[PDB]
Structure formats: structure tokens, C-alpha cells
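1. sequence unknown, structure follows:
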Ligand code: NA
Ligand code: NA
Ligand code: NA
Ligand code: NA
Ligand code: NA
Ligand code: NA
Ligand code: NA
Ligand code: NA
Ligand code: NA
Ligand code: NA
Ligand code: NA
Ligand code: NA
């Protein structure tokens, strides 16, 4: 209290504030107290009782008013109500979720906690039979953030490390019969300063609570060591077992390998089948002492770094990864097992082979599923101090000696829990925790304890205390330099030499927020080309949307700020490949294609395809290779082709049946036809059914360019309207008012789109750091207006005429514009529309050149569209730097399914590469043909889309908004990481393009 | 059409769009057509008929759909409805007002008009008797922006120059009996590009429409020349008269001067009383020909620039000015005469002596009122091209030869209308129109036509074509350099020499938006010290608020964007000294004091005062000098003192009656008493009643500093509360929960206030151009939180104790804080509160130091306050760099009258310099004493104030928000011009201060 300003004469007086002792504990730097030693999560035959279920719960707003009313004895519970456990309690109407990204939601003065600090008191009465005596423990697999535990009124201890397990000995405290377990949980504690992950703040007892008997002569911990010698094919096996901190005699049995060996001895198993994400071979094993048996699944694999490559079982691997948080839209950090199983299958179904547990250990039962389904796992300790960065990392716990014991404890618990799982191929120290002596201490502890797994940590770019060089969101350009080993040197020659000898991983890349991510293919090409590049993990698997309801009961996802937060980061928590209910976003469909493990390159003459097996261990024997030829009328040919199995990293040429090329050779010129070759699962796997598609390639015979009609109809002039065949025009605006009877409310040029999440991010570098969306607003691109310059008819053919409508498009207060001429022609059935765009003045504003979203047309039609059909790419959306998963073909969707249900509505739903489109408007069909154009159809305007913050803000107005774009820009990943690559940016230019239109009934 | 991209084979076709001819006319560079020569507005005995009244009106959205249906004959009017004329038609439910500041509301491509261009068709039937034959004309004193006029179906011509007069000969077209006048008015035209004033866009026939007979042998124009020779006292008189463009014989009679002379001859009048704003002497005159007589008011004055000074009648003058727009909150640009008369009286009542007609000629009848009441007028031509600045002035009309005739026409009409008025002392070419050849042409035309008045134009800083050096919002520092003649040189030595020989005027300064303007006194000191400084004109006289009603019928003022504008500038149109209904803002009350024309410096020993007459021409004989001594109980002494008249620019010492000093000498030490000496009007003037206050000065005997109580009561400790005499504290928060029975909901430190309009402006210069409001938001200053560190009692006196509550104030995600200790003491009746503030960490955020709004306390009391009384300054608000008009005294106001009704609610209502305050809360009174503190009391929180965009957003919640500030920052003028001067900025510091509190009943 010396820094506090007042100085009082006399000796110090007594402290009168309430709650001083509770707050002193919450502000403790200690890693909790009273717990048993950290150990593995082990399946054992020891009796077990889950205490999950309906508990009693009372919430107080802070420690100083949290009652000390003997509630732990369970006799006075008038202020308590039912609450399920496990739970994140703000998901059940107690307080509210709060989202921050980097910023802490409390003043940064470690270790101190704010006065507003929700305290949740939990209580359950349970029965314990004789099998839990004399010895038993209570296990808590997660408490956010600070728990104090009592049993029958006796304090057992405290928990720190919110996603880490704690166990408490209850021998001599547990009683036969009824027992009362009480747990006081503080939302905030000193630990909050090291738990600043970009996710919802959610207090609770959010994982299992278990009573476990500890029979005499049992097994407390087990450490499986299961290596693979790829030269000899041998497994290298040693299973350590301990009780009470001492090595014990136990018997290890592995029936499938005909093994019975002693614990603690290393043996060579003459032939094992090694474990990989591709082939996750597991051997069932048991480790047995007199009083207890532990069941294990052993996968034999060895991890090595050599020649600047990350190798498993002697081979460089490619990580096709995602960052997986634990989130459920209605349960918070509680993820039901069926949801976990389904989402891991969904990952495999989209070609993912690797998971980073961003940024804390997962539920303990996740590891066995990863072992079984096959993922390379980066298992990350629960540590993130990101919010200290804004003060230059002043007071960062990672470098503060007072935090050493707490941070080493986090790493020890992380490592000990999950050390037996073959899927764990790297330990990660944490995320965005800066640099410091405590991270070094965590690394040293881990390397000493478990030298079998390399250490990962992105926060220290010098990589002094790690085994791989990790970065997040490094540009494609920088990744290419690193891939070639030619990045700039570190200042320290010794550190530079070490880091240049390290393989390189992107622990986060291609930020998948909203419409995006763009630029994935450019990273993937590098990963495949350069051995030092290990691959990357997309940020992130899921959107953390939280289900809410409007006043009328319309369900939608909420994000930061939807829960009254004073400080929050908005929709940055909805930044995934799937929504919170695990529905794919288009980015997942594109990603699947980008990382597909086979490359199928179909010959232009349709005689065959080149096949490259991009897997590391498996051949192609799991796949059936299918071909199909489709034309406008439907499939013309199809079947299967036998492919002799191609070894990993090998390539072959496969001949297709002669009927396919004969078909190609017979096609009329200009008739469209698509040959697709697909690799599907030949048989059910653990993660998908036979017929599931893994890879594909195509060859397309493109339709001929559209033929404008002969301009043989003349312009008929009336007082207020002009008629040209099936088109009627306003003489006041020059715009069509109907085409073939389809009412047209507006036709005009487009240059802008409703900003994506990426367009709301700053594009660092250069002198202009305004987000693109702000550049557009400042430039008036969202508020264009059109002036009519003139309308005239010109001589056509055989008495016909064309009609040229001259316009200029600009914005209020701007001098730059584009002259736009529309030239219309018709033979009475088809309409030709030529659009010519010429800049009039430099598109520069506030000293920076204005980029465009598009060069296109918006037709506003005075009727609703029922069905949208097109030839192009699909079925899902595609933009210049996305759409890898959109394949060539003929597609048809009801209008509602053209949209994409991003949580914050934004530009989406364009189908790039379209050659023809057909919109069904009641009883008429409007057909559009062009050289490649992008197609979008919506039931609301761009201004409605831009203004909407949530999906219920969208409303259909009875019209159809049809967008036909001659040019589009890419979407990039500027919300976090690279913006649109140069080749996909759209700079102002002069342009012309032709469309043909037809209305049939 | 060559720039338009499409190229069509064959010869060009016929134009098919509608409205081409109307739009061609609107896009014309010509100054209108068909009008009679520009001339003076003259009062004549020729028969006159006002056609103002109920007309018929039809609105179309643009020229292309404006009907050409013979409506001008008045036979088919089914689409017409009644509309008063004169009117701004969007004030009557036709379309909507639209506010832009600089930005044009249409694409900038001169001379072209947008498609959305409201067309208002006006029609009236009137009767003309025989007195209007054979010759008559129709006069239009204002049409915004483009009128086409028909009478009985015959086109008379067109109008351009929205605030300029046009007359059309109707001889041979007017018929005896009924006539039909039709006027098509376009909102936008090529003229809009030269009418970009910062004000509402309001189309209409917004000034008088008059039929005037033109008898034979009449007088068409008159040019009065009336100079004054200050050496001899002579007037120099020549009155020119013309008819049909030729000089005529006419007789000039000036009865009061015993004159009968011929028009066109210069005479010397041996003794005249000269005209000035202080003494606006006017002589009634008549100029008569056989068929017509013109009545004139002649003021004799000569204007000269010599020795870098602007002189009238041989003396340097001081301009105490405002910029006057024409605006009415319900009628738009129509200002009723009674409103004009009242507002000019109000100006005189606040010591104003000068008006700039920003930025167009006023109603023609304004000039005679200015002549009569006495203002120096800067009469400004209707020209402003400000919106071209954002493109580097590309295409600026001022430098485009095609606009020469139009711009010279504007200046000619401006000069000719008002050239006879003594009040006009400068012609201004326009405002914010850049630089160019057409401005030079306007200046040359004016100097040739009327060399009697200097030319003003701020837009060309080289001053090549003007006679005074004018700037807007130059800093006090730059003004001081200019005042001393030591500003940097222009590159051209010849231009630099000319400009250094010019007097200097601020045509706009001390931008008066919202809470402000600060910094007025620093300008005024310079104006008074340096002869080259002519003075300045405040921006601006009035707020252009427009009266609107909420859903429930609550009237309030609207501003930009409240009328659906796509592009607008928000509340920048509400930036005046008075609201739209001419109610003073506090800035006017302060300004009155700043520019007061006498300086009264009261002696500290109360024996007398020094008096300086700061007028230029008048002595002090119009004033009665009053004194009063006031004490807590009321007035102790008062009366009048005879002052021998003090000449302009002279000073004297005036002895006060001995009773006043005897009173001062007898006062007990520490007893407060105030001596005020006032100069009031001794007799009714034309602009105020006898007793009206013009100037004042004070001497104050300050109350002694507060004496903290002896700390003889001890702290009583209860389970959840502490009691210390009359104060009860929470043991959970350390805050008082009641003081003497007054409920206290919260007590805490304040550092922030709800941003003023100035705080929302950028502070140019330095690397940080964020507005202060944004700096505060980024720093979290608007979201402070308090942590309780401890509560302890310490030994007091004779068994009593003090209570120290230690806290820390910070914001989420920030490391900087302030330690705040509160030390409480009491003797059972009075409470002492010592607050000590110490910074803990540097208040720096995003690399820039964080400034504070205040260092103070917020008491939130759980009851409503009825009445607020204080000793300090008042009655109105005062901040460190404002409050000049707040005088020392005792004040008492109901709570509602403490607030200030700014249109956008914002920080306001602080009373700086307070020594004691008393709040009546039901049956209790809370009394506060301190060394100088600022006092604010509100019925809603700062967050409610900040969130409110209009006054109906404010809501009382049943509490009292009491602010006691030990330190406050100034408010400056950063919305446009200088921010807070260094001496009034509030940087983070350590501070301590003492208050005493008492509750009586
Ligand atoms: Na322990
Ligand atoms: Na690689
Ligand atoms: Na995120
Ligand atoms: Na086969
Ligand atoms: Na594609
Ligand atoms: Na939106
Ligand atoms: Na004329
Ligand atoms: Na002066
Ligand atoms: Na303004
Ligand atoms: Na007198
Ligand atoms: Na004052
Ligand atoms: Na406000």
C-alpha cells in the first residue's frame, strides 16, 4: 500500500473491507493447492461414478458479497436453483456470455481481479457405496477459472488452469452413504491473465466430475513409449507404470502382437504396422497390477526432424490442418460426445488430417477419437497472454518470475494427461504469450519429460526453445522464401543456424471469416513444392456463434456485443469453416478441394488422366475411380476404371475407356460437355461411407461465345416509351421497363458490393490503411448515381435499328465517373446488349486510387424468382480467389439456396465462371448468355444486405436483384492476414462486354 | 458525345430522350435572360402591388417528367395545390430539406445537373388596375436556383443567382384585369455549382414578388455618394439618377440640411453629423423627376485604408462582428420582418456592431435596418464553389472562362442593389470559391463601378485583387504575428508589399458550435492591441435548426441527416451563438462580454474604478454608471456615480462613494462580498430600453478556504456497513451509501465528459489527428472502473477516527491507472473529504499521451434535486476558456435551468469557479464547500448524455448526478479552427483536493 497516495500519522489500522481472504486467494500466483500429482487420463477397471447431472447453483456478483453462510453443508439452499453440470453457466441464463478477442475485459493490473466478478456456488449430494473405500479421489476435468472444492464441509483444495484436470484425495473424508460436494467457482482470477484466448469468456464446471475408487496395489500413471523403426519395420515398446510416485511391477499384454512383457522394459517388436493419420493402426493393450488394470490403445510411430523436415515414420508429412476450439451454440464450452464424433468425421470427409487444439487441451476423451480416426494433433497448453501486447508486453506473465510455478504446472498437467496418445505429434507451449523465461522453463520441462515429441511455440520468432519454426498468417510471399530457406537471418548466428535447420509450419493461416478465405491455392502450391514447409492449420474450424431468438422467435446466431458487453470484438468470433452447428461454409467446400490428397489431371482430348498420389503412406487402393460425361441433356457416359495402386508421392497415367474420347471427338463444335473423373471410397471407412468423394478432376468443352442477334427489328417510338422487339424502354431514363413481358424496375452499372468481413479489415502496408470498405464509403462507391446523356437509334440490318443509351455513373461530390453506353439489338426473339465503360477522370480519392468490387450490371426485376439455373461452376459460390470446390456443370437451385447464411450478412453467393443462366419468374424464364460472367440473384437489395447486422435484418421486397458481372475482385483474407493478392485485385479500367438475353414462356 | 465509348457506323441518329430542352437551359452558363438592367432597390411613389400570398404549386421529380401541359395558362390545375409564396417549398411538405457543408449533393461534372432534380411549378392569378399601364415590371427578389417566368403564356425570361433580384418588363403583356403569372423553378441548375454555401439546400420562390408601375418621366436607378471630410466636418454629396440607362435631370431635396440640388453634381455640405455603427445618423432625402420620386436615407461616411488600418471617418474602427445567414426554423430561407428586426436588436443588445452577409446578399429590406440600427456590413456576393476544393479545384468555375459572364453578373447585381446604403462598408466577392480569373474580373468590375468601398475576398491569400487581407480561423498565434506585421513573406515581392500594407480581418473565427467557443479572449486582446487587426466576425450568428416533432409530438430541432439525406454533414449546421428561434446560447453571453465597448477595472480596495472607452466615435454620455455591493444576505449598498464623459479611446479614474470602501474595510475576514460596477443605457435607444447593461466590472472579496472538521467522531463498525457521524459506508465497496440521510448510490472519480462538438473535431497538427472524443474512446476513458484496495480507520482527535478508502481507477485492457484515496472525517455535523490521486503507469495509448476532461468526483444520489444554489460565477455555464459573461455572485436555479439545450446533447452546464454549492433534495439540503471547483448537476447520467443525438433522447431516471471538479479542461473551437489552447489543456497529473460536506434539514 506504499504507492497509494495518502500518508496517515500513527500506526496502521485494521482492514475493514469484506471478502479480503477470498480475493487474496483469487489473486494468488500459485497453481492451486491440495491436488494429487498430475497424471494421464486412463481407462481403468477401478470403480467409477459420474457426478454429472442436476446440481444446485447460486450466483453472486463478486467475492465481497458472496455469502459465507455454511452453504457447503447443503442445509440452507433457499438462494440455489437447479443447474446441469457440466455447464458453462451463462449458457443457462446466469449472467451472459462475453466475447473479446485480444483485449482483456478487466483492467490490466496482474494479479488483481475486478470487483464485478461472478461467483458461482455449486452443490450436489451423492451416494458412495462400499467400493469407494478405503481410498477414492474426486476428478474435475475443467473449471473456468478458479475453483475451491469442499466435501462434507472439508476443504480439499483449489483448481487453476481452466481446461486442465485436477484430482483430490477424498480418503477419510468421503463417507459411506450420502456426501455433499460443494464447489465455489470464480469467473475471474489471476489465471484469467494467462487465459486470454480469442473466444467467449464462459465460467463454469464445464467438464466431467468423477468419483474414482483407488484400490490397493493399483496403477496411478502409465507412460506408453511406442516408436517405429522404418528401416526394419520393428516397433520399439516400453510401457512405464507407477503408483504413489514410484515405478511398479505391472504386466503389459498386447494380444494382437503376441506380447507379454514387464512394465518398465524396452523391447523390440519384430513387425508392427505403424500408426499415421492416413492409416491409424492401433493395438489394444492392457497394463495390469494386482489391484487394477488399465486399457490402452497403442499406435507405433516415431517423429523426427531431419534435413529441415518434419518426418513421421521416416517420411516427410503434409499437414492438412484446422484449429479446433471447443464450442457449442447452446452449451458453450460443453461439447457433447456425439457432436465431437460427428465433427471429426466431417473433418475427415473434407480431407483434413491434422488438428491444433487451439489454445488449450481438449476434453480428455478427444484424444482417443483422434487416435482412432487419424489426425496429427498439435496439443496446446492452456496459456495465452495476448492482451499484454498492447503495452509492449509490460508485466507479461510469461517473463515474470512470480508466474513460473503456475506456468510450469500448466505445461506439466497438459503433457501428463495426454502423453500416451499416438495422435499427439507436437506439444505446444501456448499461444500469443510473448517471449520470456517461463516459456523457456515450460519447454525445458517438456523436453526433459517427453523427448519423443517436438515442441511448438509461435510467439518467439527466434525459435530458441522450440523444434519447429512456426508462424501465423505469414504471406504467401514470405512462406515461399521460408520454404526455400532464404528468409533474412536472425541477428544471432547461432540461433539463425538452428532455425534454418527447422521445418516450418503455419499454425494459423487463411483466416476463414465470412466470405472467404481467398488465396488458399497459392499457399498449397508452396506446401507441396517445398519439403521444409510442413503445411498449415486453417483459422478456424468453427464459428463460435451462440443461438439467440428475436422478439418473434426467429433463431439466429449472436456474436460479440449481442450480450451487452461493454468491450467486445463483434463478429470476429464467427470466423470458421463451419457454423456453430457444424454446417459447412463455402470455405470448407473449397478447402476440401485445395487439400485433396490425389491430383487428377484430365487430358484435354479425354483419352485419360494423370494421377498423382499425394498421400504420405497409403497407396490408392482405398479408392474407386469413376468417370462421367455430362451434357445439357444429362449424362452421356460413365463408369469405373481400374487403377493399379499408385504408391505415395508417385504418379501414373490412366487411360480412360475409348467411348469417352470417341464422344469428345464426335461433339459438335460449341456444344458444351464436361468430363469428370472422381476418386471415391471403394468401401465404408470409419469416417464415411463407400462412394464418398475424396478427389476429382475435369476437362470441359466450353460452349461457343454468344451470337448477338441480327439487328433486324427497328425502334418504335411512342410518346413516353420506345419499343425494340421484346424490349420496352423509358424515354425518361433510357432503361428497359420490360423484357419479353418481365417487368424491369431498374438497370444500371455496378462497381461495389456489400463489404465482406475481409473488406472491413485493414490492409497493412502502404500509406493507406483504411479498410477497403471504408475506402469505398469515402469514395462514394456505395452511393453511385446515373445521369442520362442521350438516347438514339442507329441503322441496323434490313430496316432494323440498334438503340444506344449513353449514361454517366458517378457519386455525389466526386469528379471521377465512367461513361457507360448500352447498345441494344434484337431480331424479335433474342436481345443483344453491349455495354461499354470508359473512365472519365481519375478514380482517386483522398490521394489513393479507388479499387472496384466489380464491373457489372444490376437488373432489378419487378417479380420474384423461384428457381435459378446456370451452366458454369457450382453448386456453391465462387469468387476469383476462391471457388476451388465449385466444379464445372449444370446447376439449378431454388432462390433461397443461392444465398449463404453468414452470421453477419455480407456479399456472397456469386457464381463466377458462368456462361449461361436462366431465372424462372412465375410463368416466364429469363435467359442470359455471355462470355464468362459472375451470376448472383437475391430477393433484397445490396443496401439491405450491407445494412443487415444479423440474418433477421434481411427482408424480401417482392423483386429480384440480378447481378451479371463481367469482372469481380477476389475476397482475400484481410480480416486477419493477407488481403487480396495482386492478380485478383480489380483496378479501374475501360471495358466492354456483350450479353444476349431471351425470355421464353 | 465524342468521349462516350460507343462508335456507331453511319451518320448520327435523332435524340429520343425527353426533356432535352429544359435540361439544356438548366445547364446553361448564361446569367439568365430577358431581364431589365440590374439596379438599386429603391423606395418610390410609383404604384406597387405585392403578389405574395397563396399560389398554386405542383412538384415534379425532374425535368424529363415535368409536364408540358399548358399549365402556364392556368386552365388545367388538377395536379396543383395551395402553397404560400414567398416560400422555401420543402418547409411546406414538398420534398425535404437537405444539409451539406462542403460536399455537393450531386456528381461534380459542371455544368450538368442530376436526373433527380425537383421542379416546382408555381402559378398565381392577379388583377392589375389602370395604374399599371402603359408600363410596368415584375420583380423577383429571390428564386433558388433557376426560374423561368411566363405572364399570360408569354415567356418573360429566366433567373440565375438565387439570392439576387431580377426584373422583367411586362409592358404589352400585362393586361388590364386578370393576369396569370407562372414560374417553373428548378432546384438544381448550373448555378448550383456556384452556390455551395454551408447551409440547407432549399428551392423556392423565397422572397417577394412585386408588380411595379413604371410611370413616364420616372427614375429607374439612383447612386448616392455621401462622403465625410473629418478634417472640415463637411459632407461630400452627389446623387446620380438615371432612366432607361441615361443620366436624367432630377431634383434632390434634403430638408434637414437645407439642400436643394441637381442630381449628378457634387456639392460640399458645410457641416454634417457623420454616420457610424455607433451613431447611425441618417438624413431623409428625396430624388424627384416629373413622374416619380424616390425616398432615400443618406448617411455621410468615408472609408479609407491607410497605414495598414481600415478607417471610417478618419478613425480606425474595431469590428465586433457576426456572420448572418438567413434562416428560419419553420420557414427556411424566408425570414419574417419582425424576426429580422428583433434579431438585429438582439445583436445590438449583445454589443455587436458589424455583420457579414454570409454568403449572399440578404433580403433587400435588411439594408435599411442596418443603416438605421447601426452595423458595419460586409455585403457578400452570392458565390461559393467550395465543393471543388476536394479535387484540387479542378474545374472550378471561378477560373473557367465559360463562367465569366455569370460571375460578373452576380457581382453586378449584388453591387447595384445595395450601393446606396451607408452601412455597407465592404463588398465581398464571395466565399470559398478558390482563386481564378473570374474573381479578378468581379473585383475589377466592382472597383471601377464603386471605388468608395474596399473589396474583401478570403479565398486568395495573396490578396492580389482585394483591399484588405482576410483569413478565416487563423490561430491566435498567427493573428498575433499578422497584427505585428511579421508574418512570412509571399513569394512575389510586389504582392507581399501590397499585402503587408493591408489591414487584416478574420471574416470567420471562434466557431460557435455547441459548447463554446473557447479562446475568444485571446483573439480580443490582439484586436485591441494591434491597429492592423480590424477585428473579426464570429461563425455564426444562428443555428440553422429545423423544427421537427417526434412520434409523441415533442418539438425539437433537426439537423443534417434528419431528413433522409444520402449525403449530409450532420449537426454542423447547428453552429451558432443563438438557436434557430434566436434564443441565446451561452456563447453569445460570453461574446457580449468579450466585445464590450467599455473596460471597467474595479480597484481591489473598492475606492474606485478605471474606465476606458473602447468605442471609436461615441463618448460615454449614453451610459449610467451603477454600483452595487452584494453579500450572502443580499445587497448592502448601491447607487449611481456621475462620470464626466470619456472620449473614445480615452481612459479615466472614477472614484466611488466612500460608503463602498468603508464597507470593504469593515468586512470580517473570510466573509464573501462582491462589488459590481455596471454601465447601462441611461435612456431608451432604438435597440434596447433604459437600464440595458452594456459593460461591467467586479472586485470580489473571496470566502475563506473551507475548514475541515475536527475528526472527533469514531468509525462505528457493523457487519456490512461502517458509520462515521452522518456518513454510512458500504464495507463491500468503500463508498458512502448515505450522507445525513441523503441516499448515495455511487461515488467515484471522473476523468471524462460527454464529448462536445469541438471534441468531435480533428486537432490538426502533430502526429495524432484523432478527435479528442476518439482518443478518449480508444483510451477507455469513457468506461472507467474502480477496484477497491482497502478500507481502514486511523486515529483522529480525542477518540475520533478518520476513514481512508483506497481505490484504483482504470479501464478494461489498459495498464495505466490512478490510485485514488478518499479520507473522510467528521465532527458530527460537517464532513471532510480529502481526495488524493496518483498516476500508476503512464497514461499513453496508441503511442499518444491521453488527456483528461477533468479531475473530479461524481456523486449519484438516489433522490431528485429541485433547486441548485451556489456562490461562484453565473448564472450560465463556464469552462476554463469560456465563461467571460459569467460574473461573480450568488445564484439559484431550478434543476432544469442548469442544463443547456444544445441540439445534439453534449457536455455542458458546468459552473466553474464555485466556492460553495447547495442542492435541495426534497426536504434536505446538501451543502458542498471547496477551494474553487466546477459544479454540474443533472437528472441523467453521462452515458445518457453522450448517447443522445437529440434532446428527446434525454430521460430523467429519478436520481441526481452531481459533479464536483477540482480540474477541468477548456472546450476550444476544434470543430472548425483552433483546439484548446495549451494553458487550458488538462494533462494527466497527481493531485489532491479537499471538500467539506453538510446536510441540513
Ligand atoms: Na499438487
Ligand atoms: Na512440404
Ligand atoms: Na476470432
Ligand atoms: Na481396381
Ligand atoms: Na472452380
Ligand atoms: Na451487412
Ligand atoms: Na439583362
Ligand atoms: Na485593432
Ligand atoms: Na456550419
Ligand atoms: Na452623469
Ligand atoms: Na467568469
Ligand atoms: Na450526445
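-> Perfect, thanks for sending it. Numbering: from 1, shown residues only, chains lettered A, B, ... in the order given. Ligands and ions are numbered 1, 2, ... in the order given.
2. and the nearest residue to residue A:644 once chain neighbours are set aside, bridged to which residues?
-> Excluding the flanking residues, the one nearest residue A:644 by CB to CB, 6 or more residues apart in numbering or on different chains is residue A:652, at 7.3 Å. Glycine gets a C-beta too; all of them are placed from N, C-alpha and C. Listed by DSSP bridges, the beta-bridge partners for residue A:652 are residue A:611.
3. ok, residue A:652 touching residue A:646?
-> Yes: taking CB atoms under 8 Å as the definition, residue A:652 is a contact partner of residue A:646 at 5.2 Å.
4. got the contact list for residue A:449?
-> A:412, A:415, A:419 (CB atoms under 8 Å, 6 or more residues apart in numbering or on different chains).
5. now do the same contact list for the second one.
-> Taking CB under 8 Å, 6+ apart as the contact definition, residue A:415 lies against A:427, A:445, A:446, A:449, A:450.
6. hmm, 7 Å instead?
-> A:427, A:446, A:449, A:450 (CB atoms under 7 Å, 6 or more residues apart in numbering or on different chains).
7. which members of the residues you listed occur in strands, if any?
-> residue A:427 (DSSP state E).
8. do the strand ranked longest in chain A and ligand 5 meet at all?
-> Determined from DSSP E, the single longest strand within chain A is strand A:924-938. No: Strand A:924-938 lies apart from ligand 5 when judged by CB under 5 Å from the ion; the minimum separation is 11.5 Å.
9. which strands border that strand, and is each parallel or antiparallel?
-> strand A:911-921 (antiparallel), strand A:960-968 (antiparallel), strand A:991-1000 (antiparallel).
10. buried ones in it, by neighbour count?
-> By 16 or more other CB atoms under 10 Å in any protein chain shown, the buried positions in strand A:924-938 come out as A:924-930, A:933-938.
11. ok, and what's touching that strand?
-> By CB under 7 Å, 6+ apart, strand A:924-938 touches A:705-706, A:740-742, A:865, A:868, A:870, A:895, A:898-899, A:909-919, A:960-966, A:968, A:993-1001.
12. within the helices and strands, which one has the residue of the stretch 1-150 of chain A at minimum distance from ligand 8?
-> Shortest the stretch 1-150 of chain A-to-ligand 8 distance, computed as CB to the ion: residue-wise this is residue A:5, at 48.7 Å. In the assignment (DSSP states H and E), residue A:5 maps to no helix and no strand.
13. so it touches residue B:835, yeah?
-> No: using CB atoms under 7 Å, residue A:5 is not in contact with residue B:835, being 9.4 Å away.
14. so what's the residue count around the nearest residue to residue A:476 once chain neighbours are set aside?
-> In space, and not counting its chain neighbours, residue A:476 is closest to residue A:522: 4.4 Å by CB to CB, 6+ apart. Here the number of neighbours of residue A:522 (other CB atoms under 10 Å in any protein chain shown) works out to 20.
15. over to the one 3 residues further on?
-> Residues within reach of residue A:525, counting by other CB under 10 Å, total 13.
16. quick one: it from residue B:855, how far?
-> 60 Å (CB to CB, to the nearest Å).
17. I'd assumed residue A:505 was in a strand, is it?
-> Yes: checked against DSSP: H, G, I helix; E, B strand; the rest coil, residue A:505 lies within a strand.
18. tell me the contacts of the closest residue to it other than its chain neighbours?
-> Of all residues not flanking residue A:505 in the chain, residue A:534 sits nearest, at 4.3 Å (CB to CB, 6+ apart). Counting by CB under 7 Å, 6+ apart, residue A:534 touches A:310, A:319, A:468, A:503, A:504, A:505.
19. try 6 Å this time
-> Residues in contact with residue A:534, defined by CB atoms under 6 Å, 6 or more residues apart in numbering or on different chains, are A:310, A:319, A:503, A:505.
20. and if you look at residue A:996?
-> Applying CB under 6 Å, 6+ apart, the residues near residue A:996 are A:706, A:830, A:832, A:929.
21. and of those, the nearest to residue A:35?
-> Sorting the contacts of residue A:996 by distance to residue A:35 puts residue A:929 at the head of the list, at 71.4 Å, by CB to CB.
22. from residue A:587, how far off is the closest one?
-> For residue A:929 relative to residue A:587 (CB to CB), the value is 30 Å.
23. likewise for residue A:252?
-> 45 Å.
24. now swap in residue A:372 and tell me
-> Residue A:372 is 27 Å from residue A:587, by CB to CB.
25. quick one, which of those two is more surrounded?
-> More crowded of residue A:372 and residue A:587, by other CB under 10 Å: residue A:587, with 28 against 17.
26. element containing the more buried one?
-> Going by DSSP H and E, residue A:587 is in helix A:586-594.
27. contacts for the helix or strand just after that helix, please.
-> As assigned by DSSP H and E, the chain's next helix or strand after helix A:586-594 is strand A:598-602. Under the criterion CB under 6 Å, 6+ apart, residues A:609, A:610, A:611, A:612, A:613, A:675, A:677, A:679, A:695, A:697, A:698, A:699 lie in contact with strand A:598-602.
28. how about residue A:940, secondary structure?
-> What three-state DSSP gives for residue A:940 is coil.
29. how many neighbours does it have?
-> 20.
30. you'd agree residue A:872 is in a strand?
-> Yes: checked against three-state DSSP, residue A:872 lies within a strand.
31. which residues touch it?
-> Residue A:872 touches A:911, A:913, A:914, A:915, counting by CB under 6 Å, 6+ apart.
32. okay, now the domains of chain A?
-> Using curated CATH domains, the domains assigned to chain A come out as A:20-213, A:221-304, A:305-593, A:594-701, A:715-1000.
33. and the contacts of residue A:449, which of them are in helices?
-> Per DSSP state H, helices hold the following members of the contacts of residue A:449: A:412, A:415.
34. residues touching the residue of chain A found nearest ligand 11, list them.
-> Nearest residue of chain A to ligand 11, counting by CB to the ion: residue A:5, 31.6 Å away. Residue A:5 is in contact with B:819, B:821, B:836, B:838, counting by CB under 6 Å, 6+ apart.
35. the first one is in what secondary structure piece?
-> What it means is residue B:819. strand B:817-826.
36. angle of that strand against strand B:991-1000?
-> 40 degrees (axes from the mean of the first three to the mean of the last three CA atoms, to 10 degrees).
37. what sits up against strand B:817-826?
-> Against strand B:817-826 from outside (CB under 6 Å, 6+ apart): A:4-6, B:709, B:711, B:713, B:724-725, B:749, B:802-810, B:832-840.
38. reduced to three states, what does the residue in the stretch 101-250 of chain A that ligand 9 sits nearest to come out as?
-> The nearest approach of the stretch 101-250 of chain A to ligand 9 comes at residue A:103, 36.5 Å away (CB to the ion). Here residue A:103 is recorded as coil under three-state DSSP.
39. how many neighbours does the nearest residue to it once chain neighbours are set aside have?
-> Of all residues not flanking residue A:103 in the chain, residue B:813 sits nearest, at 3.8 Å (CB to CB, 6+ apart). Residues contacting residue B:813 under the criterion other CB under 10 Å number 22.
40. can you show me the helices along the stretch 701-850 of chain A?
-> A:772-779 (DSSP state H, counting those that start in this stretch).
41. for the residue of chain A found nearest ligand 9, give me its contacts.
-> Relative to ligand 9, the nearest point of chain A is residue A:813 (16.3 Å; CB to the ion). Shown in contact with residue A:813 (CB under 6 Å, 6+ apart): B:103, B:104, B:387.
42. with distance to ligand 5 and neighbour count added, can I get those residues in a markdown table?
-> Shown next, in a markdown table, are the contacts of residue A:813 (distance: CB to the ion, whole Å; neighbours: other CB atoms under 10 Å in any protein chain shown):
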| residue | distance to ligand 5 | neighbour count |
| --- | --- | --- |
| B:103 | 42 | 18 |
| B:104 | 44 | 24 |
| B:387 | 45 | 24 |
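43. JSON lines for those residues, including distance to ligand 8?
-> Below are the contacts of residue A:813 laid out as JSON lines (distance: CB to the ion, whole Å):
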{"residue": "B:103", "distance to ligand 8": "36"}
{"residue": "B:104", "distance to ligand 8": "38"}
{"residue": "B:387", "distance to ligand 8": "34"}
